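Structure file entry.cif (mmCIF, C-alpha atoms and all ligand atoms) is printed below.
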```cif
data_run
#
loop_
_atom_site.label_atom_id
_atom_site.label_comp_id
_atom_site.auth_asym_id
_atom_site.auth_seq_id
_atom_site.Cartn_x
_atom_site.Cartn_y
_atom_site.Cartn_z
CA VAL A 13 68.66 22.09 -49.94
CA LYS A 14 66.37 25.01 -48.99
CA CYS A 15 64.04 23.96 -46.14
CA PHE A 16 64.12 27.36 -44.39
CA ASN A 17 60.39 27.53 -43.51
CA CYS A 18 60.73 24.76 -40.88
CA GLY A 19 64.35 23.82 -40.05
CA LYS A 20 65.57 20.91 -42.22
CA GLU A 21 66.98 20.18 -45.70
CA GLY A 22 65.08 18.90 -48.77
CA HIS A 23 61.69 20.64 -48.41
CA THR A 24 62.85 23.76 -50.31
CA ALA A 25 59.89 25.70 -48.82
CA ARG A 26 57.60 23.22 -50.61
CA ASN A 27 57.05 20.48 -47.99
CA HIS A 28 56.07 22.16 -44.71
CA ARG A 29 53.07 20.28 -43.28
CA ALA A 30 51.11 21.49 -40.22
CA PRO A 31 49.50 18.68 -38.23
CA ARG A 32 49.61 20.57 -34.90
CA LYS A 33 48.74 24.23 -34.23
CA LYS A 34 51.55 25.37 -31.87
CA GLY A 35 49.14 26.27 -29.03
CA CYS A 36 46.73 23.70 -27.56
CA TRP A 37 44.60 21.82 -30.12
CA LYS A 38 41.43 21.92 -27.98
CA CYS A 39 41.58 24.52 -25.18
CA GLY A 40 42.54 27.31 -27.61
CA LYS A 41 45.69 28.96 -26.19
CA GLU A 42 49.32 29.40 -27.29
CA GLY A 43 52.36 29.09 -25.00
CA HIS A 44 51.86 25.33 -24.51
CA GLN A 45 50.26 22.71 -26.79
CA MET A 46 47.82 19.77 -26.81
CA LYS A 47 50.53 17.62 -25.18
CA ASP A 48 51.16 20.01 -22.26
CA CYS A 49 47.53 21.05 -21.69
CA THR A 50 45.62 18.25 -19.95
CA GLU A 51 42.00 19.45 -20.36
CA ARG A 52 40.49 16.34 -18.73
CA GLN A 53 37.42 17.99 -17.13
ZN ZN B 1 60.28 21.77 -43.44
ZN ZN B 2 45.31 24.39 -23.63
#
```

Starting from the file, give its structure as structure tokens.
Amino acid sequence: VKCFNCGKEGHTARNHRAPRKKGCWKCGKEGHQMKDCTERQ
């Protein structure tokens, strides 16, 4: 009904979780994410 802070319907700006961090979750850089960045070393 008002999920505008995410892109859905039912959250009403009161159910927006944040498991990922947009950028990589280990290397520390935006643009890509933990799925795109390999970081195998
Ligand atoms: Zn949402
Ligand atoms: Zn990265």

### Task
Tell me which of A:47, A:34, A:41, A:14 sits closest to ligand ZN 2 (chain B), counting only C-alpha atoms and all ligand atoms.
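Once distances to ligand ZN 2 (chain B) are computed over only C-alpha atoms and all ligand atoms, the minimum belongs to A:41.
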
### Task
Take the point (49.6, 16.7, -29.4) in the file's coordinates, draw a sphere of radius 7 Å around it, and report as a ChimeraX atom specification every protein, DNA or RNA residue with an atom inside or on it, counting all atoms listed in the file.
/A:32,45-47

### Message
At a cut-off of 12 Å, using only C-alpha atoms, what residues contact residue A:30? Leave out same-chain residues fewer than 3 positions from it and give the result as a ChimeraX atom specification.
### Response
/A:17-18,27,33-34

### Task
Find the residue from A:43, A:29, A:51, A:35 that sits nearest to residue A:15; use all atoms listed in the file when measuring.
A:29

### Message
Quick one: residues within 8 Å of residue A:49, all atoms listed in the file, excluding same-chain residues fewer than 5 positions away - as a ChimeraX atom specification?
### Response
/A:36,39,44

Put the listed atoms of stretch 36-46 of chain A in a box along x, y and z with 4 Å added on every side and give me the centre and edge lengths in Å to one decimal, as AutoDock Vina command-line options.
```
--center_x 46.9 --center_y 24.6 --center_z -27.3 --size_x 18.9 --size_y 17.6 --size_z 13.6
```

### Query
What is the atom CA of residue A:16 to atom CA of residue A:37 distance in Å?
24.8 Å

### Query
If you measure from atom ZN of ligand ZN 1 (chain B) to atom CA of residue A:25, what distance in Å do you get, rounded to one decimal?
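For atom ZN of ligand ZN 1 (chain B) relative to atom CA of residue A:25, the distance reads 6.7 Å.
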
Write a file for chain A, containing C-alpha atoms (output as a PDB file, in the first residue's frame).
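Once written, selection38.pdb looks like this:
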```pdb
ATOM      1  CA  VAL A  13       0.000   0.000   0.000  1.00  0.00           C
ATOM      2  CA  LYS A  14       2.934   2.402   0.561  1.00  0.00           C
ATOM      3  CA  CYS A  15       6.248   0.531   0.100  1.00  0.00           C
ATOM      4  CA  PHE A  16       8.052   3.472  -1.549  1.00  0.00           C
ATOM      5  CA  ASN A  17      11.399   3.050   0.271  1.00  0.00           C
ATOM      6  CA  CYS A  18      12.220  -0.161  -1.662  1.00  0.00           C
ATOM      7  CA  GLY A  19       9.870  -0.867  -4.597  1.00  0.00           C
ATOM      8  CA  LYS A  20       6.946  -3.102  -3.556  1.00  0.00           C
ATOM      9  CA  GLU A  21       3.522  -2.923  -1.844  1.00  0.00           C
ATOM     10  CA  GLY A  22       2.688  -3.721   1.803  1.00  0.00           C
ATOM     11  CA  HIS A  23       5.799  -2.468   3.645  1.00  0.00           C
ATOM     12  CA  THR A  24       4.419   1.093   3.995  1.00  0.00           C
ATOM     13  CA  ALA A  25       7.976   2.350   4.692  1.00  0.00           C
ATOM     14  CA  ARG A  26       7.985   0.072   7.764  1.00  0.00           C
ATOM     15  CA  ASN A  27       9.461  -3.203   6.441  1.00  0.00           C
ATOM     16  CA  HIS A  28      12.645  -2.363   4.508  1.00  0.00           C
ATOM     17  CA  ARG A  29      15.361  -4.812   5.621  1.00  0.00           C
ATOM     18  CA  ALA A  30      19.019  -4.493   4.553  1.00  0.00           C
ATOM     19  CA  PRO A  31      20.866  -7.814   4.398  1.00  0.00           C
ATOM     20  CA  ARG A  32      23.316  -6.669   1.693  1.00  0.00           C
ATOM     21  CA  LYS A  33      25.194  -3.347   1.455  1.00  0.00           C
ATOM     22  CA  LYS A  34      24.875  -2.443  -2.270  1.00  0.00           C
ATOM     23  CA  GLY A  35      28.663  -2.428  -2.847  1.00  0.00           C
ATOM     24  CA  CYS A  36      30.815  -5.496  -2.102  1.00  0.00           C
ATOM     25  CA  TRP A  37      30.343  -7.000   1.384  1.00  0.00           C
ATOM     26  CA  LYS A  38      34.076  -7.698   1.901  1.00  0.00           C
ATOM     27  CA  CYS A  39      36.319  -5.749  -0.505  1.00  0.00           C
ATOM     28  CA  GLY A  40      34.672  -2.415   0.402  1.00  0.00           C
ATOM     29  CA  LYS A  41      33.612  -0.780  -2.887  1.00  0.00           C
ATOM     30  CA  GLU A  42      30.329   0.261  -4.532  1.00  0.00           C
ATOM     31  CA  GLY A  43      29.480  -0.209  -8.228  1.00  0.00           C
ATOM     32  CA  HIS A  44      29.338  -4.015  -7.920  1.00  0.00           C
ATOM     33  CA  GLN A  45      28.484  -6.239  -4.930  1.00  0.00           C
ATOM     34  CA  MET A  46      29.634  -9.352  -3.032  1.00  0.00           C
ATOM     35  CA  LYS A  47      28.194 -11.507  -5.855  1.00  0.00           C
ATOM     36  CA  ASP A  48      30.111  -9.731  -8.647  1.00  0.00           C
ATOM     37  CA  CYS A  49      33.385  -9.223  -6.744  1.00  0.00           C
ATOM     38  CA  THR A  50      35.298 -12.521  -6.508  1.00  0.00           C
ATOM     39  CA  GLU A  51      37.963 -11.651  -3.900  1.00  0.00           C
ATOM     40  CA  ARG A  52      39.440 -15.175  -3.831  1.00  0.00           C
ATOM     41  CA  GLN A  53      43.088 -14.232  -3.113  1.00  0.00           C
TER      42      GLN A  53
END
```
